[PDB]
Amino acid sequence: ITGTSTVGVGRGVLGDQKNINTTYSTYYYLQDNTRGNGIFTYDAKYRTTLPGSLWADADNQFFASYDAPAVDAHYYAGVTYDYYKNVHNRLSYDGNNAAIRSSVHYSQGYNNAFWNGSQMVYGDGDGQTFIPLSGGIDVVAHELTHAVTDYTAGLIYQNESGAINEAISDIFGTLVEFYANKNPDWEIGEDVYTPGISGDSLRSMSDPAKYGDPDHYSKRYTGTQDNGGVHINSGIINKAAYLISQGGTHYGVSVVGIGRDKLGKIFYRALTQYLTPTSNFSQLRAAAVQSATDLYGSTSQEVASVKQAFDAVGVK
Ligand SMILES: [Ca+2]
Ligand SMILES: [Ca+2]
Ligand SMILES: [Ca+2]
Ligand SMILES: [Ca+2]
Ligand SMILES: [Zn+2]
């Protein structure tokens, strides 16, 4: 909408106060004009018709319980935009400052979030498996990263290419969580998963097997559930990424860690310069090796560590 840029204040899903960029035109709308061609947050009103209505508020204060998922979807989309722009020189998901749109309060009891080809969508959860999923910064960045993937490598959402697609979203979701630097970890979704159980998460990158996901190619899932295991076999790539950054010895193979920033540079370059819609795990290894060679040189520790990490998870 046309209006003037304003700054509201509200509380997110976890009860924390934050400022949010809004737009005033009769109402105050969740429309942040400070980033690209805007970040826009919509109310789906417990229905499944998208996007719903651009979020309107009478007083620019967003402290109601119903407001909390919108505050966080809007704010964390801004953090994710900032990460891509400041760290990777990428302007929104398409590289051309496309408007970023999210809807919250999608459906009833909906235990998921997704990119639908055009926008982000967040359930409220059922209060048992999830609370409203935009409360997780890694979740928000996971969803926006699907849009980045779709505009770049275009990884098809099935089998190995789909597991790479998933791992890319978990990797950058985690790197955005570290960028914001509030309780960062290598776990996925811990801030919104299972409110009655402490210390768990939906997936772990440091130890995928903790939640039944493979940590070695020999343990890959080859059935048809979950689009051929896209959220399962992602554990193999997530583990490799964790090892590249943090190091470790895994199935007897030692990896020298090179840190998060270099991990992000290598995988961003792989995603945007080398991967294709049909890339498999072996082709990802090659893309990561070439990316690290471009950035750091063929004789670098960074290249050697990429090779070590893929060896450790059984990907040649
Ligand atoms: Ca209000
Ligand atoms: Ca965390
Ligand atoms: Ca996390
Ligand atoms: Ca929990
Ligand atoms: Zn995903």
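One is the number of the first residue shown, and numbering goes on along the chain from there.
Recorded method for this deposit: X-ray crystallography, 1.4 Å.
Note: Cβ is positioned from N, Cα and C throughout, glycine not excepted.
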Report task. Among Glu160, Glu166, find me the residue Swiss-Prot lists at the same Zn(2+) site as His142, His146. Result -> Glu166
Report summary line: Neighbours of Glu187 (Ca(2+) 2 binding site) among recorded positions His142, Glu143, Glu166, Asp200 (C-alpha cutoff 10 angstroms), in sequence order, are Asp200
Requested in this report: Among the recorded positions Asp57, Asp59, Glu143, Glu166, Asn183, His231, name every one whose Cβ is found under 6 angstroms from ligand 5, counting any of its atoms.
Outcome: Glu166
Requested in this report: List the residues of the same chain that sit at least 6 positions away from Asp138 (Ca(2+) 2 binding site) in sequence and have their Cβ under 8 Å from its Cβ, in sequence order, or write 'none'.
Outcome: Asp170, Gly173, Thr174, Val176, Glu177, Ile188, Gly189, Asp191
Query raised in the report: Around the Zn(2+) site recorded as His142, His146, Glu166, what other same-chain residues have a C-beta within 8 angstroms of the site's C-beta center?
Result: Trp115, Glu143, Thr145, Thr149, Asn165, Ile168, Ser169, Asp170, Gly173
Query raised in the report: Just checking: which of the recorded positions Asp57, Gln61, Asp138, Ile197, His231 have a C-beta under 6 Å from ligand 2?
Result: none
Requested in this report: Please check each of the binding-site residues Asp57, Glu166, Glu187 and report the ones with a CB atom less than 6 Å from an atom of ligand 1, ordered along the sequence.
Outcome: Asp57
